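Undergrad: A single structure is presented below for examination.
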Amino acid sequence: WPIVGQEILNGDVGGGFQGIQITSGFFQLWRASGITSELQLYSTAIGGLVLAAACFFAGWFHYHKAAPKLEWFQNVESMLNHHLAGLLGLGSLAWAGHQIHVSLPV
Amino acid sequence: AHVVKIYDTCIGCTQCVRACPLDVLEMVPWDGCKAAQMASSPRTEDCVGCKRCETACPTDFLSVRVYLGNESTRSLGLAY
Amino acid sequence: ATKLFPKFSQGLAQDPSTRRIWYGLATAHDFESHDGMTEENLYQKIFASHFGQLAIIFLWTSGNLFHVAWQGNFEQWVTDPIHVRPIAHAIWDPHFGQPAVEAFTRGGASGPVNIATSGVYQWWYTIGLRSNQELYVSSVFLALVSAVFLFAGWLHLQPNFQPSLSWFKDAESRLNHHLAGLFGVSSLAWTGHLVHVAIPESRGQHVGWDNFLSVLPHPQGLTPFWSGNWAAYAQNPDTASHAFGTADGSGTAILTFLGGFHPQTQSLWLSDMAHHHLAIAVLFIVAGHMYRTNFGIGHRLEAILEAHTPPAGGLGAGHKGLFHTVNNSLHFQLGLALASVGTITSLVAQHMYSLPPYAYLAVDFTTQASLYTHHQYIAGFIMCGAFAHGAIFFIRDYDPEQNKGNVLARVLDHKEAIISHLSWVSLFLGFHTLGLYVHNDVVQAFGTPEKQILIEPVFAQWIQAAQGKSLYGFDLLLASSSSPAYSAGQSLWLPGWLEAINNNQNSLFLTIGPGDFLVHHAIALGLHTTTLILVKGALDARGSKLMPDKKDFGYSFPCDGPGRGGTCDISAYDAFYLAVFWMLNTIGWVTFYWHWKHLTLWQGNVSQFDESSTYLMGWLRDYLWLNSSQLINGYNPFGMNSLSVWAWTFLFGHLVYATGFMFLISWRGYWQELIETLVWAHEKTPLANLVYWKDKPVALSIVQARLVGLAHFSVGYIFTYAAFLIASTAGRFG
Amino acid sequence: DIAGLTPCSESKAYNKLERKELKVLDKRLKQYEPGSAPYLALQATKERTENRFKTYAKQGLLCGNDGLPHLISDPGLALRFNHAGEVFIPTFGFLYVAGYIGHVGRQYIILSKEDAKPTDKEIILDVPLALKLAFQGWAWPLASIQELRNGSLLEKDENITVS
Amino acid sequence: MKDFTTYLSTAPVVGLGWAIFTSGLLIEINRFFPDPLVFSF
Amino acid sequence: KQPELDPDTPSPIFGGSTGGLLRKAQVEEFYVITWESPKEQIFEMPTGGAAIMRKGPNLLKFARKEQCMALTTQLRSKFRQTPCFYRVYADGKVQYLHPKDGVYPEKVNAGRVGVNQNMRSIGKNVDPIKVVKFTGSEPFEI
Amino acid sequence: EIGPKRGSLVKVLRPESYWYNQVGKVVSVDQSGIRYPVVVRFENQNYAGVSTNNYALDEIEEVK
Ligand code: CLA
Ligand code: CLA
Ligand SMILES: CC1=C(/C=C/C(C)=C\C=C\C(C)=C\C=C\C=C(C)\C=C\C=C(C)\C=C\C2=C(C)CCCC2(C)C)C(C)(C)CCC1
Ligand code: SF4
Ligand SMILES: C[As](C)(=O)[O-]
Ligand SMILES: [Ca+2]
């Protein structure tokens, strides 16, 4: 924001736009997803924010409406076979199927 | 060793003895209100000077003060 | 119970640990808490200690003179003092390689050598010396006097020679003898030296011992002193173009008061200092006749302090009962002496870079900064010691019965107000100084130097204009001509002063820019914070609100236990700890300021300082990162040079600093368990259980831990800064 | 003319610095078309930079041999001249605001010493009371001096000391 | 509502409301009034 | 009747550790504790791990005195068990320390006379004047 | 009948006491007879967190 001369931080990076250079590595990570215009990141952020709201909802729900018992928490068998198999295996298969059907543009 | 003193400012709460880790001080006759005990230091050959008895003493100001002196095998907590 | 080393501790003797060794090496000079150390058996020991330390000083100076005479190139310096540099000593280290002998051979007349930064050549030649034999003589003399003091310290130990106790309490006669004899008479002897040798040596005359029996130091010799007209000794001073090694335009004046600089040598006139020390000696002699003695009436001390009592009760008893208070306490006199010594050490450091007394001294650009920083840190430590002993007074030697109504009790009573106002001034200085520095840094980071704040120090510039400066044009005393201060003293010292003050190249009332404002305020912050720490440690000594009975546990005790929500570093010794940290900081800021001022001045670009001394990025870039290239390049795969040893010492200083942090961050309790583990391991090693350690290994005392931590801190700080100040200066010459 | 400093318009170094800044701005201003956003941003930046350099040089502020402005802080040199705004009135403005703040905070912390468990009021403030006292302190110099003559601010030595 | 207004007297209130008011005021004064370093007179 | 030390007493079942029992225990001193311990049970050692304890009086021993006061206090904590202490010097002489009164120093026993104390308000001590002797740490009354 | 009325607030003059020159109500002046009869109660904590203490009758004094 132009206030006290801080706008000098808007380094001339080209692309018809000036700003602060980022070293987080998000542009290279997004290029691997076939994004062609800015119109997609808006919807992606909308989805992420809805999921975060639902996440806080689930937290409140399992603390004040569905507070579990130690019998459920201590299901090491279930916790493993659902983290190891589901949370990891299903996610990896979904992301592999994604990379398979997005390998055309890149 | 560690010169330990006990002043007349005392109520006999029996706390600085159930807190001392080396069983150094005793509580023998005192004319009090409900408990009537006063602390005393009959022996100091084993007192290390940890100042754990000064933390539990609720007297204002404290009834016991450890005058730090010279060190020894007992005073340095040396198993060797 | 079990007798062993040392001989002056029966409680520390039964101690089965290495702790007693450290406390013996430490408390060997504490001659007041030892077993059976009554007063009258202590003054003689402290007096023998004075003799021993004086012997140490004289032996130090004798060794310096000896290595200057034999290994130093003093002959190579007197003739052409500009084309040559000093030499300190040689090297027999077998570890050097062939390139090393070729790198430490600046002289050329011998093997490896080391430059002399003591500034001894200038001071030894200004007083008059042009032969190495004259140096051997003085070195031998100092060794002899050292031996004499070593013997005198012992002589007063056996009977028939042991003094009494009433001989010390007689402060009147002793102070008379010191004000008159120790100061006045010696100053008059020094005037005689300057008028009989220093001046003749300034005329290139080879006047020494073998010829001064008939040399007239002044035409009409000693007659004006008999027949009046003292002014006859100030009628032909050193000519403006006077040569100092020869008599190129000399004079016969001895008591001169023109008050200027010797152009060739760039120092005060060798004849001004004679009249200087003569007036000083006369005035100290006048001062030394003030007291009551056996038959000399004068006026005694007990009747003076008891008479200084304001009738309105603003002070109460005034100064009644302070004679018996001070005279019966040595820590108070030691505190006063150390305070005076530190303040006058700072004063001498201030007066040596501005009024050079030594011929051919200001031309040298390395010994100046070294000696200035030397005296600055010496004065800092001496002031910290003064405050430490001031606190020891309240801890150990104090009788409030005798002191019911004096000014000291009043000072102790409102101690909270003093501490609070010190805290407030410190907060003010820190807040505003750091705020202006951060503001200038942020403004420079945005690329608009015009938006920074630069307070114009009108006050110091005004005082300079009053001194005679005209660069600022305030039309003041000694700058205008409608004032009695400018008119009176026109044939006096005024011409030389006014000619040396407007010079924009010498160090005398430098051109002050707004960048000096900020650094003077940083120095004020440092001084106020160090004084806050010391005054707080001293006033809250007999007893504080957290620890009311602090007078019972002495001075240096670790803590009062983890009770009462935590009690760490509560003893006054710990306040001294932190105040020594702040002393290091304050003296370091002062030295950075002085060094970088004269560094921007010597490159002919004082505008560099006037423009970059406004923010902190400049201090980091333009001073620290910049003027160190020879420290990094002292040794490299390309090949080292003379600046390699100084770089290795610059790294040694950082190593000592980090070891100080080692002893500071990690505390004792952690190391006790590790030492017990190491003992377990050492007792069980197969066939390694032979002859044991003689004392049990334990962790250093908390007091010892922080003492050694601060010692490493200070020594590494000093070595690093000194290695920098020497290498980055005596390697580039610019 | 004070302290050897010269008014900041006649400083060749000051104008050289302004030209340097403008050249440094334009060299990277020429990278963009006159229609894009960064170009307008640099245009406005140059606008207020030229405004910096123009507006300073009014009523007189001394720049030294470096060309940069130097604040004069002595009352008396700001008088007999036109420098009373460098730092003379800002001093009084800060004193006014700091008074205001301390007065309000003190009267708050005093009016809370009367009710039970005042400690709570220091972690759970009385917002309406703080707002009321916030809009009543802009006469504090009047209240301070006469509350001093009153004596309702000196505690009659009934505090905890050790000596 | 009542317990909420009571909660609104802690760190998450003035200390936030305050210093937000102040940052906003200072930023606005420095924005409309671009670069002050000395008073009008 | 304060009981004295008795050698050849059985010990609890335990494997070993690396705590205490050093050269100090052989040539300087070692401390002993004895206590009832009915209802064979599991306990924790102050310089080791967990161990079992038969019923009937059993005796232990460690290096430092606190290493046994900790066990006495533990025994207070859970089930009311009443151990004792012992001292040993180089000459083999044994001294009984805890509890001499038999009633656990925290509680008074019928009557004794203590030392190292003075009837004076906190503070109000003597200034460093007239304390030049300094006798290490002064009792202020002797 | 010995010490001040119970419920009446009084100050402290124990030189070595955290609570000094400030007022505190009396819990119960010990009538059974002892050197520290007056038990004063203070709302603010000390470095140790204790609220009450017993003092001598030659030390306490009147109200502000
Ligand atoms: C016009 C009448 C007059 C006046 C104005 C004075 C004034 C004074 N007399 Mg005097 N006197 C008078 C008549 C007078 N006298 C007469 C008629 C007699 C009989 C003949 C005497 C006999 C007499 C004696 C015997 C002595 C005096 C002394 C003094 C001085 C100390 C008094 C005092 O209370 O200090 C003030 C008390 C203070 C506590 C001031 C506090 C100072 C603060 C704390 C300094 C702050 C430090 C801070 C870091 C610095 C920042 C500075 C900041 C303010 C900018 C004082 C300046 C005494 C003296 O000389 O000094 C020892 C003394 O010995 N008088
Ligand atoms: C760079 C390190 C550092 C810094 C910054 C300080 C700073 C300070 N020291 Mg200190 N000191 C240090 C190292 C340091 N010390 C070390 C290593 C030692 C030895 C271990 C000591 C030992 C020491 C002693 C014994 C004493 C001090 C004291 C002080 C204070 C004096 C107050 C003052 O003069 O005005 C102000 C100084 C400031 C630093 C204020 C600047 C801080 C700004 C305002 C931060 C603002 C942040 C921003 C507003 C929001 C950030 C917060 C959050 C959002 C993250 C001061 C705050 C003295 C004291 O307490 O004063 C009464 C005191 O007596 N120091
Ligand atoms: C801790 C303590 C202590 C210490 C103290 C101290 C450390 C002090 C100090 C101090 C100081 C360190 C001081 C200083 C100062 C200063 C002054 C005192 C000044 C002044 C002034 C004047 C008068 C001057 C004038 C002038 C002239 C003459 C001319 C020119 C100008 C001028 C200005 C310079 C004791 C032991 C004691 C006690 C106890 C406590
Ligand atoms: S802990 Fe203190 S108050 Fe309690 S009985 Fe022991 S000495 Fe008395
Ligand atoms: C002292 As004048 C030269 O002003 O008369
Ligand atoms: Ca000059």
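As shown in the structure tokens, the chain order sets the letters A, B, ...; within each chain, residues go from 1, and ligands are also counted from 1 in the order they appear.
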From a backbone DSSP assignment, name each residue in range 3-87 of chain A labelled strand (DSSP E or B), as a list in words.

TA: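 Residues meeting the strand (DSSP E or B) criterion: residues 11, 12, 18 and 19 of chain A.
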
Undergrad: What's around residue 53 in chain B at 12 Å? Count only C-alpha atoms, leave out sequence neighbours fewer than 3 positions away in its own chain, and write the answer as a ChimeraX atom specification.

TA: /B:4-6,14-25,39,41,47-50,56-59,62-66 /C:561-564

Undergrad: Kindly provide, as a PyMOL selection string, all nucleotide and amino acid residues lying within 10 Å of ligand 2, counting only C-alpha atoms and all ligand atoms.

TA: chain C and resi 419-435+522+524-526+528-537+574-582+585+664-665+710

Undergrad: Could the residues of chain C within 10 Å of chain D, counting only C-alpha atoms, be given as a compact mmCIF listing (two decimals) with C-alpha atoms, in the first residue's frame, please?

TA:
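The new file part-v4.txt reads:
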# COMPACT_ATOMS: atom_id res chain seq x y z
CA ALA C 409 21.41 8.03 56.11
CA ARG C 410 19.25 10.50 54.18
CA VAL C 411 20.64 9.13 50.91
CA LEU C 412 19.83 5.60 52.07
CA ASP C 413 16.32 6.67 53.07
CA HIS C 414 15.13 8.00 49.70
CA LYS C 415 16.98 5.30 47.77
CA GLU C 416 13.79 4.32 45.94
CA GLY C 447 15.45 5.77 -0.28
CA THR C 448 14.60 9.28 0.99
CA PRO C 449 17.40 10.55 3.26
CA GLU C 450 15.62 13.91 3.45
CA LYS C 451 12.87 12.46 5.68
CA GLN C 452 15.21 11.65 8.57
CA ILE C 453 15.48 13.54 11.86
CA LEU C 454 18.77 15.36 12.52
CA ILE C 455 18.87 17.40 15.74
CA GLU C 456 21.45 20.18 15.46
CA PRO C 457 23.62 20.16 18.61
CA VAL C 458 23.41 23.90 19.20
CA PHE C 459 24.84 23.60 22.72
CA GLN C 461 28.64 24.23 18.95
CA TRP C 462 27.78 27.26 21.08
CA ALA C 465 32.10 29.29 19.43
CA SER C 470 34.21 30.57 14.14
CA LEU C 471 32.89 27.89 11.76
CA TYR C 472 29.44 28.33 13.34
CA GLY C 473 29.32 32.12 13.69
CA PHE C 474 27.57 32.77 17.00
CA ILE C 512 30.26 18.68 15.20
CA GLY C 513 27.51 17.38 12.96
CA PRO C 514 24.05 16.16 13.96
CA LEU C 539 21.79 1.26 47.98
CA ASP C 540 19.84 -2.01 48.24
CA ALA C 541 22.78 -3.63 50.05
CA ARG C 542 22.04 -3.54 53.79
CA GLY C 543 18.50 -4.68 53.04
CA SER C 544 15.87 -4.66 50.30
CA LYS C 545 12.13 -5.26 50.43
CA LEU C 546 12.45 -8.80 49.04
CA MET C 547 15.47 -9.66 51.24
CA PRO C 548 15.33 -7.41 54.33
CA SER C 607 31.29 14.34 5.32
CA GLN C 608 31.16 10.54 5.28
CA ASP C 610 28.34 13.66 8.90
CA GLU C 611 26.12 11.72 6.46

Undergrad: Once you count only C-alpha atoms, which residues of chain C turn out to be within 9 Å of chain B? Could you give them as a ChimeraX atom specification?

TA: /C:11-12,14-17,19,548,552-553,557,560-564,676,679-680,696,698

Undergrad: Please save N, CA and C atoms of the selected residues as a JSON list (two decimals), in the first residue's frame.

TA:
[["chain", "number", "residue", "atom", "x", "y", "z"],
["C", 11, "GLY", "N", 37.79, -23.70, 57.50],
["C", 11, "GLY", "CA", 36.53, -24.24, 57.03],
["C", 11, "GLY", "C", 36.63, -24.72, 55.59],
["C", 12, "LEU", "N", 37.36, -23.97, 54.76],
["C", 12, "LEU", "CA", 37.61, -24.40, 53.39],
["C", 12, "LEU", "C", 38.65, -25.51, 53.31],
["C", 14, "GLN", "N", 38.61, -28.36, 55.33],
["C", 14, "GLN", "CA", 37.88, -29.61, 55.45],
["C", 14, "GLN", "C", 37.04, -29.91, 54.21],
["C", 15, "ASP", "N", 36.84, -28.92, 53.34],
["C", 15, "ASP", "CA", 36.08, -29.06, 52.10],
["C", 15, "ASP", "C", 36.71, -30.11, 51.19],
["C", 16, "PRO", "N", 36.07, -31.27, 51.02],
["C", 16, "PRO", "CA", 36.59, -32.31, 50.11],
["C", 16, "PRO", "C", 36.15, -32.08, 48.67],
["C", 17, "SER", "N", 36.78, -31.10, 48.02],
["C", 17, "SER", "CA", 36.40, -30.75, 46.65],
["C", 17, "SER", "C", 37.44, -29.81, 46.06],
["C", 19, "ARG", "N", 36.57, -27.12, 44.86],
["C", 19, "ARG", "CA", 36.02, -25.79, 45.09],
["C", 19, "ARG", "C", 36.93, -24.97, 45.99],
["C", 548, "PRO", "N", 15.04, -8.48, 53.36],
["C", 548, "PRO", "CA", 15.33, -7.41, 54.33],
["C", 548, "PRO", "C", 16.64, -7.62, 55.07],
["C", 552, "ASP", "N", 23.20, -9.91, 56.47],
["C", 552, "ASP", "CA", 23.67, -11.10, 57.19],
["C", 552, "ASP", "C", 24.42, -12.07, 56.30],
["C", 553, "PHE", "N", 24.11, -12.10, 55.00],
["C", 553, "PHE", "CA", 24.74, -13.04, 54.07],
["C", 553, "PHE", "C", 25.91, -12.42, 53.32],
["C", 557, "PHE", "N", 26.94, -13.69, 47.52],
["C", 557, "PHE", "CA", 26.29, -14.97, 47.71],
["C", 557, "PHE", "C", 25.41, -15.29, 46.50],
["C", 560, "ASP", "N", 19.17, -16.39, 47.36],
["C", 560, "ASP", "CA", 18.50, -16.67, 48.63],
["C", 560, "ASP", "C", 17.53, -17.83, 48.51],
["C", 561, "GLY", "N", 17.69, -18.68, 47.50],
["C", 561, "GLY", "CA", 16.84, -19.83, 47.32],
["C", 561, "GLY", "C", 15.75, -19.61, 46.30],
["C", 562, "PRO", "N", 15.17, -20.71, 45.78],
["C", 562, "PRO", "CA", 14.08, -20.58, 44.81],
["C", 562, "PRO", "C", 12.75, -20.18, 45.42],
["C", 563, "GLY", "N", 12.69, -19.92, 46.73],
["C", 563, "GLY", "CA", 11.44, -19.55, 47.36],
["C", 563, "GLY", "C", 11.03, -18.13, 47.05],
["C", 564, "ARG", "N", 9.82, -17.80, 47.50],
["C", 564, "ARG", "CA", 9.25, -16.46, 47.31],
["C", 564, "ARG", "C", 9.14, -16.10, 45.83],
["C", 676, "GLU", "N", 28.93, -36.08, 38.08],
["C", 676, "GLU", "CA", 28.73, -37.34, 38.79],
["C", 676, "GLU", "C", 28.74, -38.52, 37.83],
["C", 679, "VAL", "N", 32.29, -39.18, 36.99],
["C", 679, "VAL", "CA", 32.94, -39.86, 38.11],
["C", 679, "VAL", "C", 32.59, -41.34, 38.11],
["C", 680, "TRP", "N", 31.31, -41.65, 37.91],
["C", 680, "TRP", "CA", 30.90, -43.05, 37.76],
["C", 680, "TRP", "C", 31.73, -43.74, 36.69],
["C", 696, "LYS", "N", 37.93, -33.72, 45.17],
["C", 696, "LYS", "CA", 36.73, -34.17, 44.48],
["C", 696, "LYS", "C", 36.33, -33.18, 43.39],
["C", 698, "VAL", "N", 33.73, -31.14, 41.30],
["C", 698, "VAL", "CA", 32.35, -30.69, 41.34],
["C", 698, "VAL", "C", 32.19, -29.55, 40.34]]
